[PDB]
Amino acid sequence: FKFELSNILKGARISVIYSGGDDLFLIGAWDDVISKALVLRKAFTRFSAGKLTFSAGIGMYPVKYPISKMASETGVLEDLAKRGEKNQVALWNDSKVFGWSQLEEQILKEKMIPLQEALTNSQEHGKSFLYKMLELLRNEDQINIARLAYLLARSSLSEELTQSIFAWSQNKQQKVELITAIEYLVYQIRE
Amino acid sequence: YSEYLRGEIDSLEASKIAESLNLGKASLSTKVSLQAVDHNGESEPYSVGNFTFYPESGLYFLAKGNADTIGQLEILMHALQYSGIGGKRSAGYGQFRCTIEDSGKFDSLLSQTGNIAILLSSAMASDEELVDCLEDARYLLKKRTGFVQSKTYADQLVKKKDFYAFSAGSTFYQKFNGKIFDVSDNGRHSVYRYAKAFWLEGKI
Amino acid sequence: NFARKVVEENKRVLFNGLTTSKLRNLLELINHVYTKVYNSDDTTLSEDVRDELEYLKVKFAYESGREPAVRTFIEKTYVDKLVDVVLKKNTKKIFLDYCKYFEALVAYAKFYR
Amino acid sequence: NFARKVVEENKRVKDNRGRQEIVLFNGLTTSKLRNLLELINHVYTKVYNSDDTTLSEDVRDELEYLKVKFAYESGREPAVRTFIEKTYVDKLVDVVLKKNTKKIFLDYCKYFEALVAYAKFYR
Amino acid sequence: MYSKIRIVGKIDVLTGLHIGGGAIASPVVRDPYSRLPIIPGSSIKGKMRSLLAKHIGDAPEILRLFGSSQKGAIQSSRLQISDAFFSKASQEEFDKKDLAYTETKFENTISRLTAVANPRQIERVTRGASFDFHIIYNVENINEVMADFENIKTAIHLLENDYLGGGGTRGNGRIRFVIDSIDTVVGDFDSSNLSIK
Amino acid sequence: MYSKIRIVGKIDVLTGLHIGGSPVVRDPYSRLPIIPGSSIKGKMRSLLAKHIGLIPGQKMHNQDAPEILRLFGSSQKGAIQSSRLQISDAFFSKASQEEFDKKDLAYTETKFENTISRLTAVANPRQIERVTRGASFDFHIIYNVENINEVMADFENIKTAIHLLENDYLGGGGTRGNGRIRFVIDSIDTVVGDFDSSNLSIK
Amino acid sequence: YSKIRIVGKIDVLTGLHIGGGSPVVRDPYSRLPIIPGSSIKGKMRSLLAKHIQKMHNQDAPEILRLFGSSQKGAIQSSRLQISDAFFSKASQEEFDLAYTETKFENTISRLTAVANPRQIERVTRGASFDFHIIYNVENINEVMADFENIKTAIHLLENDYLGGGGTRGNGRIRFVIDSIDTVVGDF
RNA sequence: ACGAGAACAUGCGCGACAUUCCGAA
Ligand SMILES: [Mg+2]
């Protein structure tokens, strides 16, 4: 905790408020924070030989946000992650408590990367189209699934990608991952 | 409750109880102040931390006293529904409706006798009772602070004297009767801090 | 759903070569009648709306006669029989359900293209 | 509309030299009916332009010419005569003249369009 | 002795209302639990205070109405304006017609130099919506009730001719007040003669 | 003593009006075509700025003439000027709705265009939604009387803006024959205050 | 910045045909045929560009100056605004004779000589449309030259057709200018 | 005599710029 964290977090916009005992408090750029949280999980799995697991809470706040509120809400997220198997990471709210491999692979390496690569070609980066996808995904109507299918048809992107997105939205526990990936991409392309 | 006092609540049961509370959602509303804009200035945002209750959730409490005190509290609560409790009452917070009734479910517990006493309110005893009521006690000191909300206490708004009170849930083997302390510092009127003890007896 | 099943069954070219340009007239008539119903606040379809639905049915027949792809679309999707059902029940909810069914049909047809 | 049964009765199937023609009558050619169809087209375009709730006198004169053309077409081919007999177009033009209203004329035009549309669909 | 008058009613959204506050471009403020659009009581209080300050012109009457923290003359706020929540009748009406509670408005900004339109998305509350508003007037002095209520009437008139949130100079936030009831809930004061709007 | 002047009236469409939202903007509640007040305010401000005079190398709307900043508002730090003109959304009028229900119009039309390449001469087709010519919209404007002495002059400016808008379009591609409109003012009355607005006019 | 209005008449010498999605373009409100301003603007722009590229936004500088340009970094406002030409009320009263007539073309093939008849709806000759054009004075000095170009375009449009198949006798028109006045400004 | 009292998430901002429903008989 007191030595290896500096080596792990190398080359990231991150300040370590504390690191000792078994707890850890980091504040930085949100994308850097999530990437280094995944890297820390991997390095901790390597260090403890798989015998020890840790849970995490990641909050995203504006600058000038109350620091006490930041700490309290991130602690609430962490305590949310410490439930049941308690080997989880909470992301930005109580409805995004994922597993570590689920967040790294099933959310970022599987859903966010293909969509980001496809939407980089778009002139507007797909901000409005991603907003429409979020609007359609939040609702839970079958006719709205039809609207989502029409939007994917009119997206003018890879057909296999539209099929994958439609399947992901159809499946529960994969629609939450899809929504998280869409929101992460929206945050990445913004001002 | 009693099962917890007898030690028959497991750690998993404690976690289930903790997650079974369905009070509500705490949020932070960001507001702005445009008063400086009209004076060639800038807007000043601020934050108000609110808590909204679920449709059938709320806050209850127990009142003890004679018939006259109970009736006066009925009128006071009826007016307090529209006065509001908490922070920005005049800015759209703290409005509620209250119902006052009997409590058989709580009279079953308040008639219970035991070897330990549990505080149901933030209380503290005078020195004479504090001499003998603190043995084998398990408590939690809370620092009661704040500004005096009054239009006649002084010219400008000032804080009241720092107070320290035992928390709710503190267990004592001696039941102390608290009082209403004065946290006023040479003001026009005496600012009161209620620290009387509402007790719940139990078996450990 | 049913629209997904029928569009998948007719997918190979969809509905023997159906496109949105073939359907555009029926879509325009359907959304015009839909907006006229939407503006009104009544549980029952009015008389002029009933006559407009009869006109929509005859337009369905005319488009089926004109094009083979439109004809097989109408035959497979039961849209004319659904219009008859809406006329028989004369309920705004049933008409809105039929409009949603048609919209889902068009959306899925565009999706599998 | 109720033109479905009329067109169903008026619909027949022809076969010759291994070729199966789905035509209601032998003489029910699209142009032969289309002459009167375009006469009614002129009539109802004039009605649309006028935008009056009553059937105009000039529309009434073109309509009388329409009845003359109906008799002309009945004389021209027995198939058109039998179609007109089955559909009773003469009774509809008579009611259109008598009640003398735009809505009745529009309903009759829609019914006749329904007849021709069902005929085309059954082909 | 001490009186409190309850003024309940409806705020009808004449034009799309945007009060700032998943990922949505310029989202509106919402109830944390029901995720329903709301009109914060602070917004209404501040807008009416600004309109009344423009009308009268802080002035003493503004201090009586909306309270003051000024040193020496600490005034209690006579008006407690609660948050306006999405009406239940409007909720049922919007559940019918399959209409969402909030709409997305697309706007341009044409540059004065390159003549290039920058797009921008905002969120508004749909024009058919209504909000249940609840106000408590505290009678700290009985002699100023008429003056306070005529000031409230002037503020409500100005607000009905003004907007309530967002950019209303570009056709947003127009609202109308319908006063369902004005009844004295606390005390003996007779509010039958009193009226707002 | 605050004064608000209420100018109500009709915007009568002369050529098909297309304000994008190629569909047009519609009020979600009534599903009728709408004219956003942002469009009207922006077009009026742009026309008035061009007519009065545009500073060379101008980049922000806050660098407009003092009259434009006085009327349509400025957001420059320190010199924050509140906009006197509040242009509301123009909703599809009920009279036009009744007139369109007769003769069975759909409140809207689809116009078919094509783009012909200079070399290949290939006409790529397209469709744009427009508001029918006979349609009318209820326009509502609120003028905030902040300075008395600058009321009349300000109204003159507004009049000029209207005189530029009647000779211009309102949305979509009006250089190709869209968005042409006419303003007919039903009333100009002092809705709030004691101001005398009888002599004021913008057309 | 002055707005000059050109108001006049376009009288068709042959069958005017604009192929609205063979029907002709009609105003939904009045059910009368109209000449879209987009058609006129495109015809004048094409003829003037021919008299004077893949992107269609390159053209020649006078073309972008007059009819507008969406060039990246060189967005030029269009000084010419061509509005929809609506059927004249005087011509409508003169016809009150259908406004539009159908023309039949056999379209015989070459090798097999098999006719494939078709019908095209075209406005009858002698019909008139009131046309309205707006010119914005962006620069005072160039206006003369701009109007010169405009005149040339008009001449070309009088020698050419407008909409439909003009190589077979469609779309021929004539321009009668009524007045050219500075409606807005002091020009 | 309620960590309380005062505090508008608000000011500026056109969904707009170029586009022949055209070649063919
Ligand atoms: Mg720890």
Residues meeting the amide H criterion for E:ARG120 (H placed from the backbone, H to H distance under 5 Å, 5 or more places apart or on another chain) are E:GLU107
Computed ³J(HN,Hα) along the stretch B:87-99: with the Karplus parameters 6.51/-1.76/1.60, θ = phi - 60°, integer Hz and x for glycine or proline, the list is x, 6, 5, 7, 10, x, 9, x, 6, 8, 10, 10, 10
Computed over chain B: longest principal axis from alpha-carbon atoms vs helix B:11-20 long axis, angle to nearest 10 degrees, is 40
Given unit charges at Cβ for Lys, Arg (+) and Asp, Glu (-), the dipole magnitude of the protein assembly as shown about its Cα centre in debye, nearest 20, is 3680
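What does the charge dipole of chain A about its Cα centre add up to, to the nearest 20 debye, if the Cβ of each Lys and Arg holds +1 and the Cβ of each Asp and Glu holds -1? Numbers along the way, then the final one.
Details: 24 positive and 23 negative charges, 64 e Å.
Roughly 300 debye, rounded to the nearest 20.
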One finds the C-alpha centres of the stretch B:32-53 and the stretch D:1-72 to be spaced, in Å, by 74
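Report the local net charge at G:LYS89: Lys and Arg +1, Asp and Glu -1, summed over other residues whose C-beta lies under 11 Å from its C-beta.
Working: positive: none; negative: G:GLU93, G:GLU94, G:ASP96, G:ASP130.
Here the count lands on -4.
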The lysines whose Cα lies under 18 Å from the Cα of F:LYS59, excluding any fewer than 8 residues away in the same chain, are F:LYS43, F:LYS50, F:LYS77, G:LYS72
Rounded to whole angstrom, the alpha-carbon centroid of the stretch F:166-203 lies from that of the stretch F:1-19 at a distance of 5
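My understanding is that a pair violates if its Cα-Cα distance is over 18 Å; which of A:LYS132/F:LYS111; A:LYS127/B:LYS31; C:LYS92/E:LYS97; C:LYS59/D:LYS99; B:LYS25/B:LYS105 do that in this structure? Kindly include the intermediate steps, with their values, before the conclusion.
Working: A:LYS132/F:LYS111 26 Å; A:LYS127/B:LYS31 27 Å; C:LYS92/E:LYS97 10 Å; C:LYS59/D:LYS99 27 Å; B:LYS25/B:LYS105 27 Å.
Over 18 Å Cα-Cα: A:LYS132/F:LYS111; A:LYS127/B:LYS31; C:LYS59/D:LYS99; B:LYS25/B:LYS105.
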As straight-line cross-link partners of B:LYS203, the qualifying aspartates and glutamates (C-alpha separation under 16 Å, not fewer than 8 residues apart within one chain) are B:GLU3, B:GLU8, B:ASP136
Once phi for every residue in the stretch F:122-127 is put through the Karplus expression 6.51 cos²θ - 1.76 cosθ + 1.60 (θ = phi - 60°), the whole-Hz ³J(HN,Hα) values, with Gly and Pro written as x, are 7, 8, 6, x, 7, 10
So, relative contact order of chain A in percent, Cα under 8 Å, 6 or more apart, is 14
Among G:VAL184, G:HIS51, G:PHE131, the residue whose Cα sits farthest towards the positive end of the charge dipole of chain G (+1 at Cβ of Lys and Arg, -1 at Cβ of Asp and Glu, taken about the Cα centre) is G:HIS51
Charge dipole of the protein assembly as shown built from unit charges on the beta carbon (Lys, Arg +1; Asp, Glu -1), centred at mean Cα; most positive-end Cα among E:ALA73, B:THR52, G:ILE10 is G:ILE10
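Just from its helices, what would the mean residue ellipticity at 222 nm be for chain F, if runs of 4 or more DSSP H residues each count -39500 (n - 2.57) and the sum is divided by every residue, rounded to the nearest 500 deg cm²/dmol?
Numbers: 4 runs with 46 residues, N = 203.
After summing the helix terms and dividing by residue count, I get -7000 deg cm²/dmol.
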Toy charge model, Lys and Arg Cβ at +1, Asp and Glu Cβ at -1: the stretch B:32-161 dipole around Cα centroid in debye, rounded to 20, equals 380
The stretch A:117-161 and the stretch B:168-182 have their Cα centres apart by a whole-number Å value of 62
Non-local residues with an amide H under 5 Å from the amide H of A:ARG13, with H modelled 1.01 Å from N and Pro and chain starts lacking one, are A:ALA29
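For a footprinting-style exposure proxy, rank E:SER195, B:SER184 by other Cβ within 10 Å, fewest first. Provide the component values of the computation, followed by the final result.
On the way: E:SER195 13, B:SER184 18.
Least to most surrounded, the residues fall as E:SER195, B:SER184.
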Log entry: pair-distance distribution for the stretch G:26-164, C-alpha pairs binned every 5 Å from zero, whole % per bin is 2, 8, 15, 16, 15, 12, 11, 10, 6, 3, 1, 0, 0
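For E:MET1, G:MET55, which order do you get if you count the other beta carbons within 10 Å of each Cβ and list the fewest first? Walk me through the intermediate numbers first.
Working: E:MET1 8, G:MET55 11.
Fewest-to-most ranking of E:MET1, G:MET55: E:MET1, G:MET55.
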For A:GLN102, the net charge from surrounding residues (Cβ-Cβ under 13 Å; K, R +1; D, E -1) works out to -1
Looking only at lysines whose Cα falls under 30 Å of A:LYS42's and that sit 8 or more positions away or on another chain, we get A:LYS2, A:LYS10, A:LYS51, A:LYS69, A:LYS82, A:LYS86, A:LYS96, A:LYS109, A:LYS111, A:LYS172, A:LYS175
With a ≥ b ≥ c from the Cα gyration tensor eigenvalues, square-rooted, and the rule rounded for a/c under 1.5, otherwise prolate when a/b > b/c and oblate otherwise, the stretch G:63-134 is oblate
Karplus-derived 3J(HN,Hα) from phi for the stretch C:47-64 (6.51 cos²θ - 1.76 cosθ + 1.60, θ = phi - 60°), whole Hz, x at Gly and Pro, runs 5, 5, 5, 5, 5, 5, 5, 4, 5, 5, 4, 5, 5, 4, 4, 5, 5, 4
Here the relative contact order (percent) of the stretch A:86-191, from C-alpha pairs under 8 Å and at least 6 apart, is 32
Amide H proximity to E:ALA84 below 5 Å, modelled H, separation 5+ or other chain, gives E:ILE39, E:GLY41
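Read-outs throughout are calculated quantities, based only on the coordinates presented, and are distinct from any laboratory measurement. Using ideal geometry, Cβ is built from the backbone for each residue, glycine included, and neighbour counts are taken over all protein chains shown.
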